[PDB]
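Each reported figure results from applying straightforward, stated rules to the coordinates on display, with no laboratory input. Backbone-built Cβ (ideal geometry, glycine too); neighbour counts: all protein chains shown.
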Amino acid sequence: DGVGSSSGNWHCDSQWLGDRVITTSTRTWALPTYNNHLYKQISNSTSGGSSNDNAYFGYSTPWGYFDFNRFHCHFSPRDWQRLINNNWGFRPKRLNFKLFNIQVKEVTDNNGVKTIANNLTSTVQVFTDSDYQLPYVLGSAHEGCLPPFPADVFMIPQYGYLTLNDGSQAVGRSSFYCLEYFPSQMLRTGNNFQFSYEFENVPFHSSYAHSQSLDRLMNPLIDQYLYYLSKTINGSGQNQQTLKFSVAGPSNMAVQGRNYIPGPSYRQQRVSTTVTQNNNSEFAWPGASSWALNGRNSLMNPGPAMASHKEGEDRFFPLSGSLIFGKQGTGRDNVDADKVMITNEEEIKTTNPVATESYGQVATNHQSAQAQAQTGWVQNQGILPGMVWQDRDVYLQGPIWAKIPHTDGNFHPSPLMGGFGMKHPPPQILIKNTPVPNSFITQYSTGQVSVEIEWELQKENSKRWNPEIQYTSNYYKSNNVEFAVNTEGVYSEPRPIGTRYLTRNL
Amino acid sequence: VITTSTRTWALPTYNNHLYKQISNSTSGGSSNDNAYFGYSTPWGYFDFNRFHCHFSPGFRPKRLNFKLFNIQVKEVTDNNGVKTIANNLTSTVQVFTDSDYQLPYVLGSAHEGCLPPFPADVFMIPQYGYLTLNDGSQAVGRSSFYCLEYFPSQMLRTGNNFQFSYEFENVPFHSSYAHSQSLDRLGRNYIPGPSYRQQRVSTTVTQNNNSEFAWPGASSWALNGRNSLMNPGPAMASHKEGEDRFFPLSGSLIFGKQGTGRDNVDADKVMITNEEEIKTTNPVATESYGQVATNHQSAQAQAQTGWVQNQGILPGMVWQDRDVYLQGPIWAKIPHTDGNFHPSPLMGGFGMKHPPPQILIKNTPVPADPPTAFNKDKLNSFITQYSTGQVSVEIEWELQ
Amino acid sequence: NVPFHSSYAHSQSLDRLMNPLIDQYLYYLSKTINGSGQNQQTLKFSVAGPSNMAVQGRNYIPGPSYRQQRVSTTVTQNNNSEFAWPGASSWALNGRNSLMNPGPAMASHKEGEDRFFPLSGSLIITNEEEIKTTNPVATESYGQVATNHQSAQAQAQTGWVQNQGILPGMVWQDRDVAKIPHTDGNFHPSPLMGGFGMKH
Amino acid sequence: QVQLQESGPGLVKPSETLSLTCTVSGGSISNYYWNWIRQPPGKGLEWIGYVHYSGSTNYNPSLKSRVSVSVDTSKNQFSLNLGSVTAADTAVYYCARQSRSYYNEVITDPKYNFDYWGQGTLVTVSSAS
Amino acid sequence: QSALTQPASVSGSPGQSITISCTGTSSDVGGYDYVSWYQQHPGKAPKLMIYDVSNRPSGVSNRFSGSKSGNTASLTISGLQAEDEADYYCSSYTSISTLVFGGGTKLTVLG
Ligand SMILES: [Ca+2]
């Protein structure tokens, strides 16, 4: 509309209305020029790719994308508390995206010093993939999302994708994508871009912890009319065989007949936080649960949803099984165990098997007069009829949605890193600096982004008499307030925050 | 088909109108697996969940109707050395349904205390109690406590009645037939259902091994460090065709004969069901699911195989559920969870997210004489009392 | 009514869905020891990123597998023994063993080896290699799992998963190109020899 | 109000095992980590080790060979057994409690800051009677 | 492991801030922010003045404070009084998850 008239205002806040929450977030972004406007082939052998399991082939593009998949984008820590303490469930409904107050800069080195000034004729290209024709990279828990603190300015990530490969070489079925082939909108410093999205119907994420365990659902006061086999022998001696039977009742609860059985397991190795207990060998990769695809071994991470540890065993964690976040300022490579925070899904222990334990036992043979009964450990167990399980929890730092791969079939599409699986997730938003001339003007753009999500809530109806567990900040005397900036002005998040505090009956 | 029943019940005041913590250590049990924590309530409850409640010697329930009437409140004293049972007309009886499913649901555990199969019997109403989270005998901070007094309830004197109607949610017709064909006798398009192997036990004691393997040989699933016997387990054929003397160790339901003892009773006092009707589409409980390749053959390597002791779902499986018995349960409550598979309960019958609600009942405590000087303590002195009346339950069934 | 049979080949593989240019914010366990010697235990962590793509956390996992014996078209490569019946994967029903044919949908062979085919796993010899993106190889183990608790006295031990049932978060493709048996329950009724399953 | 009390023989002959028990009153053992500290008279504190109700233990590397720490949840008390004592083991033995952790969010080993302490007991290791 | 190193004694006049230090190796102190300070009156069990390097429990006055630079953590006592004389110990979490104490420091209030 004009160079001297602003194209949009600054909206950040949350409105709590009844069963719904509306969270608006507005950030200031900066977009450079990537690859000097050049689509470029990339593969492992460029960096040497010494492992076959690491072999990849794909392209890096001049475009950039806006990523708001993580939760702390849309929720302040306070708003996250109000959500998790008061609600049994939630899920997104509507999405509203706006891109405005674009500004483009040109970079020049005059004499020995660098110069930057407004380029008022330059444009920015932006488009959304609403037919989902491009490779969808959002659901891989990648970096580059809007900063948790709204006062930080962030650098848009460079888009890219991969396709089929054999070793580092491509194949005849591989694909290539020119984002320029998509109709996009072009924006001058007076233009602004917006669109509205509609989440597809998904189940509420369950932000609650069961108050009953799957094997304790019985009435403790009453016997069962069913019978179990108590004795196979009368006593010590020869030819003592017998069959005795007993009522399943309160005195012995292990053997009662039950209608439902815990969810599936794929065993993880168990690592102790205290380092002395762990074995003195390099078993980090050689001892890890993996799955192989087309000859390549992928680590199983995080894997099926399973409790992190048995009750009263805080030190142990199940290797690749639990999500691990870095603390503020954490180094990229080979950091110490203290430098990172390992989350533990012990909330789901009641209905889900412990990740580091065998699912159970099965008989391996037929007993006979000449053969004793023999059993073996079930290390992994697929779905059986009558299993129940809980999904993995979502965190303030964790992902929100993923795209369900488009396939003939799937089971319980809910993604394994947590969040809402969707066949048509929020579409990707691609952006780039229009090239201004293989010799171009060095140029970058900056502007604002606002995003608005409407969340639906499931209120807590419970009749529990005694008070709940609640997420709370302790009353402490320390140098720095939690979830706030320090003296140098750095914002940090002290610990990962789970969603499961309130309880329900099983 | 519409079934109707009516019975006469007797409700004793339970555990002195007190809620009381109960636990492993209250009971005194030694074993870790058998540890529990919970509460016992003054409240009783009605359980009609077995078929023979509704039946005399494809289908599925549709509607339900429940009535409670002819309330009679007996007060008991000891006059001299004899006991005197007198009517108390003014006294009340409290009943409510939990239709929001807010309380622990104990009706799905196949408990005793059901309405009796013989319409002229008079039955005792069983006590209501529940379990919550435990660690060993102790309770954790997440454990919950429910005061049933904190629900709105209807109070009934002798002329009052109580009724409500319930609607079953849509469920699939239970199969009450056996396939005439078998899966392999129809390259094949489908494979048999899942398996979790049980040990095999023979009704001829001589056939069995001379060792104590009743527990040491049992199929179990571990949860939070506690082992639980797998019972009855996934739906599988009880035995191969031609061997009826073998049964899966924990794999089948077992009922007691009339007047059967509680502990260590021989095999002729209990009725061991057999599932063999389903052996067409389902694997045998005591058999492996199959065999798989364990290696790559080569000039130097023979082909090696191994046995599949347990198999999860695979695309293209078909299976039959467990059969229902006139003595067996009707429904169970599907636990409230993120996900479940084939929710039909393992002991048989119709799985439901909103099953028939629980119905809770107690005798409103009537205190004895208080002192004439004020005291703040709660009253522990009560008139010995119990009540009786009539229970009628109607179920409309749909047939195929 | 039945779903549209998928008649396409994915241009991506299940494990490569990541953006190759960017790091994850998640961490993994890189080193369990500092160096050679005694009492070297440590825990070191590193960001999962493009440099090492195997260890990244992923939202979805490949479909189920029931392993088939691997057979070469070059008769010199194969063992000098009769393994056609003993070698073959079977499932047992009411005491009667039944060969698994064609079985669950799985990739016929690894990429780069086309001379091998699953024993009973193919329609006869068609190859399923189109689906090797989302499905495991019929001749390969699904993966590994830990078999024990490690400790100061015990090294970590793993074992090979030969068969794996459904897990939440699996995706798979059906076989490339029937009546659904009338039962209490079924899962993914699409038939194993291919085509459209229907209850009528 | 949590109170700890150490009890045990005040005299131990060399090359014999030393035994002490701490009985917690007012509070149960619960999820807490119980520690043993010893102070040789006129010298600094030294940490023996801890025990957890799960039976987990962690010991001082110098003492790791000859020391053991046990817990009894039934009797609400935990114990110390130190074997092959010498005169260097004469000290005042304290039982302490690791401070309560307000968050169950992450998986970590305990970092030692003590919230409560016993009064301590003197234990003399001597050949004479 | 190796003990933490402290000055044997420090003295000051009432009203004057006092700083006690404990030096530790990179793995034990320098490495993590888990250093505690205990004061022990004669014949009493130690009391926890400061935990997690700079934090202090409820029940401890402003006057006590602590800080960490490199391999050395320091305890600062402002406006000290008569009741503030005791033995102060530095505690630290190590690399192998063991606890290590300083040698102890005696604070004398001149007067
Ligand atoms: Ca958690």
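Hey, for a label at A:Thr487 modelled as a point 7 Å past Cα toward Cβ, could you say which residues of the stretch A:311-343 have their backbone N under 13 Å away? Once the point is set 7 Å along Cα→Cβ of A:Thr487, nothing inside the stretch A:311-343 turns out to lie under 13 Å by backbone N. For the segment A:304-313, counting C-beta atoms of other chains within 10 Å of every residue's C-beta and taking the mean gives 5. Past 20 Å, Cα to Cα, is the threshold; run A:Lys327/C:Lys44; A:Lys477/D:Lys43; D:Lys111/E:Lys68 against it and keep the listed order. Checking Cα-Cα distances, A:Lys477/D:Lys43 exceed 20 Å.
Cross-link reach is defined here as a Cα-Cα straight distance under 18 Å, omitting same-chain residues fewer than 8 places apart; for B:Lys279 the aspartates and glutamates meeting it are B:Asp184, B:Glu241, B:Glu243, B:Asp244, B:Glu287, B:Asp321, B:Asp323, C:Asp184. Candidate cross-link partners of E:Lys106 among the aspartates and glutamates, defined by an alpha-carbon separation under 14 Å and a same-chain spacing of 8 or more, comprise E:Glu83, E:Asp84, E:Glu85, E:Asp87. Over the stretch A:1-71, calculate the relative contact order: mean separation of alpha carbon pairs under 8 Å at least 6 apart, over the residue count, as a percent. That works out to 23 percent.
For the stretch C:21-35, putting each phi into the Karplus relation 6.51 cos²θ - 1.76 cosθ + 1.60 with θ = phi - 60° gives couplings of 8, 10, 7, 6, 7, 7, 10, 9, 8, 7, 10, 9, 9, 6, x Hz, in residue order, rounded to whole numbers and with x for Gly and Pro. Report the label-to-label distance for B:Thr26 and A:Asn438 in nanometres (one decimal), using points 7 Å from each Cα along the Cα→Cβ vector. Each label point is offset 7 Å from its Cα along the Cβ direction, giving 8.2 nm. For every other residue with a beta carbon closer than 13 angstrom to the beta carbon of A:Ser290, add +1 if it is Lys or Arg and -1 if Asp or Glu, then tell me the sum. Within the 13 Å Cβ shell, the charges total 0.
Please report the net charge: other residues with Cβ closer than 15 Å to the Cβ of E:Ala86, K and R +1, D and E -1. Present the calculation step by step, with values, prior to reporting the outcome.
Details: positive: E:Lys44, E:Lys47, E:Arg63, E:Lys106; negative: E:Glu83, E:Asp84, E:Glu85, E:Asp87.
Once all neighbours under 15 Å are counted, the net charge is 0.
Scaled against 2.2 N^0.38 Å for its residue count N, the alpha carbon radius of gyration of the stretch A:427-506 is 2.00. Of the chymotrypsin sites (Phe, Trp or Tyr not before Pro) found in the stretch D:60-113, the ones in coil according to DSSP and having at most 11 other Cβ atoms within 10 Å of their Cβ are D:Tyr102. Between D:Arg66 and D:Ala128, the modelled labels are 2.2 nm apart [label points 7 Å from Cα along Cα→Cβ]. The simple Förster model, with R0 at 35 Å and r as the Cβ-Cβ distance, assigns A:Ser236 and A:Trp377 a FRET efficiency of 0.75.
Dividing the Cα radius of gyration of the stretch B:44-115 by its Kirkwood radius returns 1.09 for Rg/Rh.
Within chain B, the ratio Rg/Rh, alpha carbon atoms throughout and Rh by Kirkwood, equals 1.03. Of all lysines in the structure, the ones whose alpha carbon falls short of 22 Å from that of C:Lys110, not counting any fewer than 8 places away in one chain, are C:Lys132. Remark: mean inter-chain Cβ contacts per residue of E:43-50 equal 5, using a 10 Å Cβ-Cβ cutoff to other protein chain atoms. Take the Cα of A:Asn191, go 7 Å toward its beta carbon, and the backbone nitrogen atoms of the stretch A:418-436 under 16 Å from that spot belong to A:430-436. On the basis of the beta-carbon distance and an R0 of 41 Å, D:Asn81 and A:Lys40 show a calculated FRET efficiency of 0.05. Here the Karplus curve 6.51 cos²θ - 1.76 cosθ + 1.60, taken at θ = phi - 60°, turns the phi angles of the stretch A:83-98 into couplings of 5, 7, 7, 9, 9, 7, x, 7, 5, x, 10, 10, 10, 9, 10, 9 Hz, with x standing for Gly and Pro. Taken as Cα centroids, the stretch A:313-360 and the stretch D:25-80 sit 26 Å apart, rounded to the nearest whole angstrom.
With distances taken between every two different alpha-carbon atoms, the stretch C:160-200 has a Kirkwood hydrodynamic radius of 12.3 Å.
Equivalent-ellipsoid semi-axes (√(5λ), Cα gyration tensor) for the stretch A:440-486, whole Å, largest first? Before the final figure, lay out each step's value.
Numbers: eigenvalues 361, 126, 7 Å².
Each semi-axis is √(5λ); the values are 43, 25, 6 Å.
Based on the mean of other beta carbon atoms within 10 Å per residue, what is the order of B:180-186, A:241-247, most packed first?
On the way: B:180-186: 13.4, A:241-247: 19.9.
Going from most to least packed, we get A:241-247, B:180-186.
With the largest listed first and rounded to whole Å, the semi-axes of the equivalent ellipsoid of the protein assembly as shown from the Cα gyration tensor are 51, 47, 35. When the Debye formula is applied to the Cα atoms of chain C, each taken as the same point scatterer, what base-10 log of I(q)/I(0) results at q = 0.16 Å⁻¹? After summing over all Cα pairs, the log10 values are -1.19.
If you wrap the stretch E:5-111 in the convex hull of its Cα atoms and look at it from every side, the mean projected area works out to 6.3 nm². Centre-to-centre, using Cα atoms only, the stretch B:45-124 and the stretch D:87-129 are separated by 57 Å.
Return the average number of partner chain Cβ atoms within 10 angstrom of each residue Cβ along peptide C:81-90.
Numbers: counts 3, 1, 6, 1, 0, 5, 7, 5, 6, 7.
If you average over the peptide's residues, the count of other-chain Cβ atoms is 4.
In nm, what is the difference between 0.36 nm times the number of residues separating A:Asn96 and A:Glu200 and their Cα-Cα distance? All intermediate terms of the calculation are to be shown ahead of the outcome.
Working: separation 104, 0.36 × 104 = 37.44 nm, distance 1.44 nm.
Difference between extended and current length: 36.0 nm.
If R0 is taken as 35 Å, the Cβ-Cβ distance between B:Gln154 and B:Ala368 corresponds to a FRET efficiency of 0.85.
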